[PDB]
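Take a look at the structure set out below.
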Amino acid sequence: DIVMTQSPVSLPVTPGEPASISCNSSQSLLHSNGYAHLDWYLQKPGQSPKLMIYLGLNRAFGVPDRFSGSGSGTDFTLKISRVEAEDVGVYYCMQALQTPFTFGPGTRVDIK
Amino acid sequence: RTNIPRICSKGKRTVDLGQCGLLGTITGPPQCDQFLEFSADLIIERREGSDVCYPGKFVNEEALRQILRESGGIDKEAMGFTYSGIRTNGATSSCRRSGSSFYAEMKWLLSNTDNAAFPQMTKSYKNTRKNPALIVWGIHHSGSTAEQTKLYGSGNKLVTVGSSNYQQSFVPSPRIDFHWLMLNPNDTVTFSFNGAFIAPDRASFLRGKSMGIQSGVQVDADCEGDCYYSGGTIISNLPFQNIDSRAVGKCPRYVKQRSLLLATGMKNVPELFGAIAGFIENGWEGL
Amino acid sequence: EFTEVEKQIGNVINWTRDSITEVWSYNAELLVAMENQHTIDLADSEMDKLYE
Amino acid sequence: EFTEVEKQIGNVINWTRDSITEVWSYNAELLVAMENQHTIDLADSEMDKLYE
Amino acid sequence: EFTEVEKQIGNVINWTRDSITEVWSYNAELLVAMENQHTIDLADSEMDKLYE
Amino acid sequence: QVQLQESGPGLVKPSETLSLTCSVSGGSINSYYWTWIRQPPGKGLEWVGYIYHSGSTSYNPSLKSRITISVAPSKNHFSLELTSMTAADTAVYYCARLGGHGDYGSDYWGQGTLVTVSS
Ligand SMILES: *[C@@H]1O[C@H](CO)[C@@H](O)[C@H](O)[C@H]1NC(C)=O
Ligand SMILES: *[C@@H]1O[C@H](CO)[C@@H](O)[C@H](O)[C@H]1NC(C)=O
Ligand SMILES: *[C@@H]1O[C@H](CO)[C@@H](O)[C@H](O)[C@H]1NC(C)=O
């Protein structure tokens, strides 16, 4: 079992800020090549999460350029260079290196 | 010296590829649509058989043919790739099943619209089963730089494939070069690309043991045969032959002499110990 | 037989196959001679054995 | 044995080694049969020499 | 001989030629020894034939 | 695109076997891993186990010997079957294939069905 932790728990945002969410790991999440096996999920309230950042630093389709993941080894951090009203929601980081698969506690990103 | 000029090989699963090439059963041209998941103990090739419909060539094609000949047929398993942000419906006028199409087993990747972009997409596959895989991909060497920019956006293109043992990189030089790979079980291939890439869709898995020939005659189902050469079937219990030295299977070995006669009979004296053709004058006919 | 292998390795394969053909042809000729001589001598020995 | 050689030259090496194995196995079988026959004939010849 | 070939195919060619050299040397030894036996046997057989 | 959609009961008695379904559209189950993401109300996402198209599965160690994920003989249908349903196990069950087993920049989720354990 691989446990997930991240900081902070709730980071409030004003519309228009440089913001940073960091997710840590208890074991180095590097596969045989294949970059670093951690992905970023973003859940709207009362919907399903959709992929924002895959393999730590690559942007998925449909993701605006404001989102930019980064990190290596066991320190992974998501950066947002411009916050609008549609970024409100719980943030989940998932490791996909070895079974079993766990999520983070969740980053409840509120406003103000 | 007498050979049956027909491939009579009953008791064995036999497929006749015809217009289909031996390397084509993985790639999937329009001429190999019924041999995509073939299973046989005798894979016959032909002179007119072409491996590809689009103009191009393989890499280590003789090694891949020697792998496929004893493969016993190939079992296709879908690798599960689906692509978002790029077009996977590329076609050409060279390969035509009903209209302009491409290979059934692999998918040509393009951009959304012409000259727009190409995202850096990286994919992976893990061998769940215990047989070694037969992963093959392709690199599209375009005719012109303008056509390359139209198909895959502006900029240089870099395609690399990595695994536990295989590790290489390819750059197109402005027509399709297919590169295969032997993938051990519990190993993850990595298809990192940002441009021209004939992306795979299904993985070939080897079925067992067989033997392949290269002939030019028809197929029959009457003999119990073991070895077949390029112009028919050679069956005998004799140890030596004179027909062809390139025969494959279990057959007499090739020698240059055309008639080596073993004296099954004894010494003839018609009308070393010194009895026959010795104090005995002549042989007898009434016995 | 249809497409051509690389010329150097193809010439190596033809040289090896021609040498193996020479070895098997010599072995077949010597073998055929050996049991032809042995069959003739065995028939002569059986004839002399029944005579004695 | 540990790190695999290129597939074409490996197939050439295995085909050459298999042909050499066939040649040596046939030569060994013919050798054993020939000298067993010669030893039996030598024993018979020595018995005939003593008898005569 | 003047210009060295690629090393892997050079070792393959040398190994193949050194195996065929051993095969031909062993075959020559058997051929020569067998007929030095057979010439003596034939001469002794002819003398025994004249004797009887 | 491979679109997914799940369905099932919403009123389930305690200590009764749960059974869902998730019918795909746009493709078929002939490749890749199929994941059965759990979400209790107000809590984080919990992975309970993926299933391959061949039949091999890797269940959650915390919920071992309670969930029997199986794929139907039809190749466009795979389902969850949970035994001994608990009132603390009330969650919002999801259905997805996740882009970490393979194709990295592509995933497709379901809609989210509601199950409730009450008498
Ligand atoms: C090898 O010999 C065959 C004839 O047996 C010939 O057709 C072929 O061209 C030769 N290979 C090369 C590379 O010359
Ligand atoms: C050659 O034969 C050996 C067994 O003697 C086998 O392990 C090896 O894989 C063969 N080489 C190739 C290239 O298949
Ligand atoms: C092959 O053997 C010869 C001697 O007969 C030697 O001169 C030559 O260097 C050898 N080739 C290689 C590649 O070592």
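By convention in this document, the chains of the structure tokens carry letters A, B, ... by their order, each chain's residues are numbered from 1, and ligands are numbered from 1 in the order they are shown.
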Output the coordinates of chain C after least-squares fitting to chain E on all in-order C-alpha pairs, as a PDB file with N, CA and C atoms, in the first residue's frame.
ATOM      1  N   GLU C   1      42.154 -10.444 -47.606  1.00  0.00           N
ATOM      2  CA  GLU C   1      43.455 -10.565 -46.965  1.00  0.00           C
ATOM      3  C   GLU C   1      44.116  -9.225 -46.673  1.00  0.00           C
ATOM      4  N   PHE C   2      43.811  -8.180 -47.441  1.00  0.00           N
ATOM      5  CA  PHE C   2      44.489  -6.900 -47.260  1.00  0.00           C
ATOM      6  C   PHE C   2      43.719  -5.982 -46.317  1.00  0.00           C
ATOM      7  N   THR C   3      42.491  -5.627 -46.677  1.00  0.00           N
ATOM      8  CA  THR C   3      41.618  -4.898 -45.771  1.00  0.00           C
ATOM      9  C   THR C   3      40.788  -5.890 -44.965  1.00  0.00           C
ATOM     10  N   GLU C   4      40.232  -5.409 -43.860  1.00  0.00           N
ATOM     11  CA  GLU C   4      39.554  -6.267 -42.900  1.00  0.00           C
ATOM     12  C   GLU C   4      38.045  -6.135 -43.048  1.00  0.00           C
ATOM     13  N   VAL C   5      37.357  -7.275 -43.027  1.00  0.00           N
ATOM     14  CA  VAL C   5      35.900  -7.333 -42.975  1.00  0.00           C
ATOM     15  C   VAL C   5      35.444  -6.999 -41.562  1.00  0.00           C
ATOM     16  N   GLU C   6      34.132  -6.835 -41.383  1.00  0.00           N
ATOM     17  CA  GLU C   6      33.559  -6.631 -40.056  1.00  0.00           C
ATOM     18  C   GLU C   6      33.899  -7.808 -39.148  1.00  0.00           C
ATOM     19  N   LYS C   7      34.184  -7.499 -37.878  1.00  0.00           N
ATOM     20  CA  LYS C   7      34.816  -8.465 -36.981  1.00  0.00           C
ATOM     21  C   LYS C   7      33.898  -9.642 -36.665  1.00  0.00           C
ATOM     22  N   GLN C   8      32.600  -9.386 -36.474  1.00  0.00           N
ATOM     23  CA  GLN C   8      31.676 -10.458 -36.113  1.00  0.00           C
ATOM     24  C   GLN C   8      31.480 -11.440 -37.262  1.00  0.00           C
ATOM     25  N   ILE C   9      31.227 -10.928 -38.471  1.00  0.00           N
ATOM     26  CA  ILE C   9      31.061 -11.809 -39.620  1.00  0.00           C
ATOM     27  C   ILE C   9      32.381 -12.479 -39.995  1.00  0.00           C
ATOM     28  N   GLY C  10      33.519 -11.817 -39.767  1.00  0.00           N
ATOM     29  CA  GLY C  10      34.801 -12.465 -39.998  1.00  0.00           C
ATOM     30  C   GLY C  10      35.064 -13.604 -39.032  1.00  0.00           C
ATOM     31  N   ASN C  11      34.669 -13.433 -37.767  1.00  0.00           N
ATOM     32  CA  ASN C  11      34.798 -14.517 -36.801  1.00  0.00           C
ATOM     33  C   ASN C  11      33.842 -15.662 -37.112  1.00  0.00           C
ATOM     34  N   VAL C  12      32.644 -15.350 -37.619  1.00  0.00           N
ATOM     35  CA  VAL C  12      31.714 -16.395 -38.049  1.00  0.00           C
ATOM     36  C   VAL C  12      32.293 -17.183 -39.221  1.00  0.00           C
ATOM     37  N   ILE C  13      32.901 -16.482 -40.183  1.00  0.00           N
ATOM     38  CA  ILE C  13      33.510 -17.141 -41.336  1.00  0.00           C
ATOM     39  C   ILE C  13      34.697 -18.004 -40.911  1.00  0.00           C
ATOM     40  N   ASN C  14      35.541 -17.501 -39.999  1.00  0.00           N
ATOM     41  CA  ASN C  14      36.634 -18.327 -39.483  1.00  0.00           C
ATOM     42  C   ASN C  14      36.143 -19.536 -38.698  1.00  0.00           C
ATOM     43  N   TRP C  15      35.072 -19.394 -37.914  1.00  0.00           N
ATOM     44  CA  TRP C  15      34.518 -20.539 -37.197  1.00  0.00           C
ATOM     45  C   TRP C  15      33.969 -21.593 -38.152  1.00  0.00           C
ATOM     46  N   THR C  16      33.244 -21.156 -39.187  1.00  0.00           N
ATOM     47  CA  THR C  16      32.721 -22.079 -40.191  1.00  0.00           C
ATOM     48  C   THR C  16      33.848 -22.766 -40.954  1.00  0.00           C
ATOM     49  N   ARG C  17      34.882 -22.011 -41.332  1.00  0.00           N
ATOM     50  CA  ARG C  17      36.001 -22.588 -42.070  1.00  0.00           C
ATOM     51  C   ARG C  17      36.816 -23.541 -41.207  1.00  0.00           C
ATOM     52  N   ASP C  18      36.964 -23.246 -39.912  1.00  0.00           N
ATOM     53  CA  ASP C  18      37.679 -24.156 -39.025  1.00  0.00           C
ATOM     54  C   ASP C  18      36.889 -25.438 -38.788  1.00  0.00           C
ATOM     55  N   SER C  19      35.561 -25.336 -38.673  1.00  0.00           N
ATOM     56  CA  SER C  19      34.745 -26.539 -38.533  1.00  0.00           C
ATOM     57  C   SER C  19      34.773 -27.385 -39.804  1.00  0.00           C
ATOM     58  N   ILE C  20      34.741 -26.738 -40.971  1.00  0.00           N
ATOM     59  CA  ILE C  20      34.832 -27.456 -42.240  1.00  0.00           C
ATOM     60  C   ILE C  20      36.208 -28.100 -42.393  1.00  0.00           C
ATOM     61  N   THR C  21      37.256 -27.414 -41.924  1.00  0.00           N
ATOM     62  CA  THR C  21      38.602 -27.980 -41.914  1.00  0.00           C
ATOM     63  C   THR C  21      38.682 -29.206 -41.010  1.00  0.00           C
ATOM     64  N   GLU C  22      38.039 -29.148 -39.839  1.00  0.00           N
ATOM     65  CA  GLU C  22      37.997 -30.302 -38.941  1.00  0.00           C
ATOM     66  C   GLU C  22      37.267 -31.483 -39.571  1.00  0.00           C
ATOM     67  N   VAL C  23      36.128 -31.216 -40.221  1.00  0.00           N
ATOM     68  CA  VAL C  23      35.353 -32.278 -40.863  1.00  0.00           C
ATOM     69  C   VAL C  23      36.147 -32.914 -41.999  1.00  0.00           C
ATOM     70  N   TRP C  24      36.798 -32.093 -42.828  1.00  0.00           N
ATOM     71  CA  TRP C  24      37.567 -32.638 -43.942  1.00  0.00           C
ATOM     72  C   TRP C  24      38.834 -33.345 -43.477  1.00  0.00           C
ATOM     73  N   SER C  25      39.454 -32.886 -42.386  1.00  0.00           N
ATOM     74  CA  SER C  25      40.630 -33.572 -41.860  1.00  0.00           C
ATOM     75  C   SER C  25      40.267 -34.933 -41.283  1.00  0.00           C
ATOM     76  N   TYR C  26      39.166 -35.000 -40.523  1.00  0.00           N
ATOM     77  CA  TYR C  26      38.675 -36.283 -40.027  1.00  0.00           C
ATOM     78  C   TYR C  26      38.290 -37.215 -41.169  1.00  0.00           C
ATOM     79  N   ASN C  27      37.612 -36.686 -42.191  1.00  0.00           N
ATOM     80  CA  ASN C  27      37.228 -37.491 -43.342  1.00  0.00           C
ATOM     81  C   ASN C  27      38.431 -37.997 -44.122  1.00  0.00           C
ATOM     82  N   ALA C  28      39.459 -37.165 -44.303  1.00  0.00           N
ATOM     83  CA  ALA C  28      40.676 -37.587 -44.984  1.00  0.00           C
ATOM     84  C   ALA C  28      41.423 -38.657 -44.202  1.00  0.00           C
ATOM     85  N   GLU C  29      41.539 -38.491 -42.879  1.00  0.00           N
ATOM     86  CA  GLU C  29      42.209 -39.493 -42.052  1.00  0.00           C
ATOM     87  C   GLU C  29      41.467 -40.826 -42.083  1.00  0.00           C
ATOM     88  N   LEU C  30      40.139 -40.781 -41.934  1.00  0.00           N
ATOM     89  CA  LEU C  30      39.343 -42.004 -41.940  1.00  0.00           C
ATOM     90  C   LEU C  30      39.361 -42.666 -43.313  1.00  0.00           C
ATOM     91  N   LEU C  31      39.358 -41.863 -44.378  1.00  0.00           N
ATOM     92  CA  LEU C  31      39.396 -42.394 -45.735  1.00  0.00           C
ATOM     93  C   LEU C  31      40.733 -43.065 -46.028  1.00  0.00           C
ATOM     94  N   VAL C  32      41.836 -42.414 -45.649  1.00  0.00           N
ATOM     95  CA  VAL C  32      43.162 -42.983 -45.864  1.00  0.00           C
ATOM     96  C   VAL C  32      43.306 -44.290 -45.096  1.00  0.00           C
ATOM     97  N   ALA C  33      42.821 -44.319 -43.849  1.00  0.00           N
ATOM     98  CA  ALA C  33      42.826 -45.553 -43.067  1.00  0.00           C
ATOM     99  C   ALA C  33      41.960 -46.635 -43.712  1.00  0.00           C
ATOM    100  N   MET C  34      40.799 -46.243 -44.256  1.00  0.00           N
ATOM    101  CA  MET C  34      39.852 -47.209 -44.808  1.00  0.00           C
ATOM    102  C   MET C  34      40.413 -47.925 -46.031  1.00  0.00           C
ATOM    103  N   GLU C  35      40.893 -47.182 -47.036  1.00  0.00           N
ATOM    104  CA  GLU C  35      41.478 -47.933 -48.152  1.00  0.00           C
ATOM    105  C   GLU C  35      42.901 -48.431 -47.916  1.00  0.00           C
ATOM    106  N   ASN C  36      43.639 -47.961 -46.900  1.00  0.00           N
ATOM    107  CA  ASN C  36      44.848 -48.702 -46.531  1.00  0.00           C
ATOM    108  C   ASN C  36      44.504 -50.086 -45.994  1.00  0.00           C
ATOM    109  N   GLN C  37      43.512 -50.162 -45.100  1.00  0.00           N
ATOM    110  CA  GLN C  37      43.072 -51.451 -44.575  1.00  0.00           C
ATOM    111  C   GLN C  37      42.482 -52.319 -45.677  1.00  0.00           C
ATOM    112  N   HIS C  38      41.712 -51.712 -46.584  1.00  0.00           N
ATOM    113  CA  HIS C  38      41.096 -52.482 -47.656  1.00  0.00           C
ATOM    114  C   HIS C  38      42.128 -52.963 -48.669  1.00  0.00           C
ATOM    115  N   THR C  39      43.171 -52.167 -48.930  1.00  0.00           N
ATOM    116  CA  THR C  39      44.223 -52.606 -49.842  1.00  0.00           C
ATOM    117  C   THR C  39      45.030 -53.752 -49.246  1.00  0.00           C
ATOM    118  N   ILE C  40      45.341 -53.673 -47.946  1.00  0.00           N
ATOM    119  CA  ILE C  40      46.053 -54.766 -47.281  1.00  0.00           C
ATOM    120  C   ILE C  40      45.209 -56.040 -47.284  1.00  0.00           C
ATOM    121  N   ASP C  41      43.914 -55.916 -46.972  1.00  0.00           N
ATOM    122  CA  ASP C  41      43.043 -57.087 -46.964  1.00  0.00           C
ATOM    123  C   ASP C  41      42.792 -57.628 -48.365  1.00  0.00           C
ATOM    124  N   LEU C  42      42.756 -56.761 -49.378  1.00  0.00           N
ATOM    125  CA  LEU C  42      42.573 -57.220 -50.749  1.00  0.00           C
ATOM    126  C   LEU C  42      43.803 -57.964 -51.247  1.00  0.00           C
ATOM    127  N   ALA C  43      44.999 -57.481 -50.892  1.00  0.00           N
ATOM    128  CA  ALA C  43      46.220 -58.202 -51.239  1.00  0.00           C
ATOM    129  C   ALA C  43      46.286 -59.552 -50.534  1.00  0.00           C
ATOM    130  N   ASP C  44      45.913 -59.587 -49.248  1.00  0.00           N
ATOM    131  CA  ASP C  44      45.888 -60.845 -48.507  1.00  0.00           C
ATOM    132  C   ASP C  44      44.861 -61.811 -49.089  1.00  0.00           C
ATOM    133  N   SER C  45      43.706 -61.289 -49.505  1.00  0.00           N
ATOM    134  CA  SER C  45      42.664 -62.126 -50.085  1.00  0.00           C
ATOM    135  C   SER C  45      43.077 -62.666 -51.446  1.00  0.00           C
ATOM    136  N   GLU C  46      43.769 -61.856 -52.255  1.00  0.00           N
ATOM    137  CA  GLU C  46      44.268 -62.340 -53.540  1.00  0.00           C
ATOM    138  C   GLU C  46      45.329 -63.418 -53.354  1.00  0.00           C
ATOM    139  N   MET C  47      46.206 -63.241 -52.360  1.00  0.00           N
ATOM    140  CA  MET C  47      47.213 -64.254 -52.049  1.00  0.00           C
ATOM    141  C   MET C  47      46.562 -65.563 -51.610  1.00  0.00           C
ATOM    142  N   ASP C  48      45.565 -65.474 -50.722  1.00  0.00           N
ATOM    143  CA  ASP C  48      44.856 -66.668 -50.271  1.00  0.00           C
ATOM    144  C   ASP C  48      44.045 -67.295 -51.399  1.00  0.00           C
ATOM    145  N   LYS C  49      43.519 -66.470 -52.310  1.00  0.00           N
ATOM    146  CA  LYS C  49      42.753 -66.983 -53.439  1.00  0.00           C
ATOM    147  C   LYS C  49      43.635 -67.773 -54.392  1.00  0.00           C
ATOM    148  N   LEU C  50      44.843 -67.276 -54.674  1.00  0.00           N
ATOM    149  CA  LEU C  50      45.733 -68.030 -55.551  1.00  0.00           C
ATOM    150  C   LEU C  50      46.249 -69.284 -54.848  1.00  0.00           C
ATOM    151  N   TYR C  51      46.454 -69.208 -53.526  1.00  0.00           N
ATOM    152  CA  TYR C  51      46.848 -70.383 -52.750  1.00  0.00           C
ATOM    153  C   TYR C  51      45.786 -71.478 -52.814  1.00  0.00           C
ATOM    154  N   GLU C  52      44.520 -71.110 -52.602  1.00  0.00           N
ATOM    155  CA  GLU C  52      43.448 -72.096 -52.681  1.00  0.00           C
ATOM    156  C   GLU C  52      43.185 -72.535 -54.116  1.00  0.00           C
TER     157      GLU C  52
END
- Interface list for chain F, partner chain A, 10 Å threshold, only C-alpha atoms, as a PyMOL selection string: chain F and resi 43-50+58-62+94-96+98-112
Contacts from chain B to chain F, 8 Å maximum, only C-alpha atoms: show me the residue list as a PyMOL selection string.
chain B and resi 77-84+121-126
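Computed from the coordinates, the atom CA of residue F:16 to atom CA of residue F:85 distance equals 5.7 Å.
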Go through chain B and flag each residue having an atom no more than 9 Å from chain E; for those, report the closest pair of atoms plus their distance in Å to one decimal, using only C-alpha atoms, ordered by chain and rising number, as a tab-separated table.
residue	atom	partner	partner_atom	distance
B:272	CA	E:45	CA	6.3
B:273	CA	E:45	CA	6.3
B:274	CA	E:49	CA	5.9
B:275	CA	E:49	CA	8.9
B:278	CA	E:49	CA	8.2
ask   = Can you list every residue in stretch 19-53 of chain A that DSSP puts in strand (DSSP E or B), as an MDAnalysis selection string?
value = chainID A and resid 19:25 30 36 38:43 50:53
Could you write out that same residue set with C-alpha atoms as a PDB file, in the first residue's frame?
ATOM      1  CA  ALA A  19      -1.754  29.441  -7.108  1.00  0.00           C
ATOM      2  CA  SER A  20       0.079  26.241  -6.205  1.00  0.00           C
ATOM      3  CA  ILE A  21      -1.173  22.829  -5.039  1.00  0.00           C
ATOM      4  CA  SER A  22       1.452  20.263  -4.007  1.00  0.00           C
ATOM      5  CA  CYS A  23       0.927  16.505  -3.619  1.00  0.00           C
ATOM      6  CA  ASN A  24       3.541  14.340  -1.894  1.00  0.00           C
ATOM      7  CA  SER A  25       4.174  10.598  -1.960  1.00  0.00           C
ATOM      8  CA  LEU A  30       9.034   6.445 -11.315  1.00  0.00           C
ATOM      9  CA  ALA A  36       6.522   9.694 -13.263  1.00  0.00           C
ATOM     10  CA  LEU A  38       1.071  10.351 -10.977  1.00  0.00           C
ATOM     11  CA  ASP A  39      -1.993  12.042 -12.471  1.00  0.00           C
ATOM     12  CA  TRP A  40      -4.129  15.007 -11.412  1.00  0.00           C
ATOM     13  CA  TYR A  41      -7.923  14.886 -11.132  1.00  0.00           C
ATOM     14  CA  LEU A  42     -10.325  17.810 -10.727  1.00  0.00           C
ATOM     15  CA  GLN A  43     -13.888  17.248  -9.484  1.00  0.00           C
ATOM     16  CA  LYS A  50     -11.796  14.640 -15.444  1.00  0.00           C
ATOM     17  CA  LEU A  51      -8.068  14.454 -16.120  1.00  0.00           C
ATOM     18  CA  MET A  52      -6.087  17.705 -15.933  1.00  0.00           C
ATOM     19  CA  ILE A  53      -2.395  16.724 -15.703  1.00  0.00           C
TER      20      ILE A  53
END
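Comparing the minimum interatomic distances between ligand 1 and each of B:247, B:20, B:280, B:198, counting only C-alpha atoms and all ligand atoms, we find that B:247 sits nearest.
Every residue of stretch 32-112 of chain F found in helix (DSSP H, G or I) when DSSP is run on the backbone appears here: residues 61, 62, 63, 87, 88 and 89 of chain F.
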Those residues you just picked out, can you put them in a file as a JSON list (two decimals), in the first residue's frame with C-alpha atoms?
[["chain", "number", "residue", "atom", "x", "y", "z"],
["F", 61, "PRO", "CA", -6.76, -5.24, -0.03],
["F", 62, "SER", "CA", -8.88, -3.22, 2.41],
["F", 63, "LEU", "CA", -12.05, -4.66, 0.84],
["F", 87, "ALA", "CA", -24.46, 1.05, 6.15],
["F", 88, "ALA", "CA", -20.99, 2.59, 6.47],
["F", 89, "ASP", "CA", -20.34, 1.50, 2.86]]
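Residues in contact with residue F:67 at up to 7 Å, not including ones fewer than 5 positions away on its chain and judged by only C-alpha atoms, are residues 81, 82 and 83 of chain F.
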Output file for the selection above: N, CA, C and O atoms, as an mmCIF file, in the first residue's frame:
data_model
loop_
_atom_site.group_PDB
_atom_site.id
_atom_site.type_symbol
_atom_site.label_atom_id
_atom_site.label_comp_id
_atom_site.auth_asym_id
_atom_site.auth_seq_id
_atom_site.Cartn_x
_atom_site.Cartn_y
_atom_site.Cartn_z
ATOM 1 N N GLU F 81 -20.332 -6.623 -8.323
ATOM 2 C CA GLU F 81 -21.218 -7.407 -7.464
ATOM 3 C C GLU F 81 -20.577 -7.464 -6.080
ATOM 4 O O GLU F 81 -19.576 -8.159 -5.885
ATOM 5 N N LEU F 82 -21.158 -6.734 -5.132
ATOM 6 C CA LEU F 82 -20.620 -6.604 -3.786
ATOM 7 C C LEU F 82 -21.471 -7.423 -2.825
ATOM 8 O O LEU F 82 -22.705 -7.370 -2.884
ATOM 9 N N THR F 83 -20.815 -8.172 -1.946
ATOM 10 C CA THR F 83 -21.483 -8.955 -0.917
ATOM 11 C C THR F 83 -21.345 -8.277 0.443
ATOM 12 O O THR F 83 -20.366 -7.576 0.712
#
Neighbouring residues of residue B:134 were defined as those with any atom within 8 Å, considering only C-alpha atoms; residues of the same chain fewer than 2 positions away were excluded. Please report them as a PyMOL selection string.
chain B and resi 132+136+180-183+203-206
- Considering only C-alpha atoms, return as a PyMOL selection string whatever protein or nucleic-acid residues lie within 12 Å of residue B:48, sequence-local ones (same chain, fewer than 4 positions apart) excluded. (chain B and resi 17-22+31+52+214-216) or (chain C and resi 2-3)
